[PDB]
């Protein structure tokens, strides 16, 4: 796994995510549930994440955190050293989510090769 450290406009970022995962989000803070990231991760390394455990429709904050722990666990397994700012993301505010989402996109672009229903 290729680790990334330290770009897209907010409109294209949402667009990229929606298209990529066939979703219909309207704001960057909605990524605060950790679910989309679990799918991208499972898409980068099929099997590194147990989708069945991911709560795709999570609405509670501790549920958001649970998803992120599954993500971090997938990271550790694949040698990804990025420390996820979980407590800030799960609060659902725009800057942090946007700061992290830019990171994740670069991380994804660096590791993807490839090959709805999964949720």
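Residue numbers count along the first chain shown, from 1.
- The modelled chain breaks after residue 6 and resumes at residue 7, leaving 4 to 9 residues of the deposited sequence without coordinates.
- The modelled chain breaks between residue 115 and residue 116, where 4 to 9 residues of the deposited sequence lack coordinates.
- Remark: stretch with higher mean C-alpha B factor among 24 to 32 and 56 to 64 is 24 to 32.
- Comparing the deposited coordinates for 47 to 55 and 75 to 83, the stretch with the larger average C-alpha B-factor is 47 to 55.
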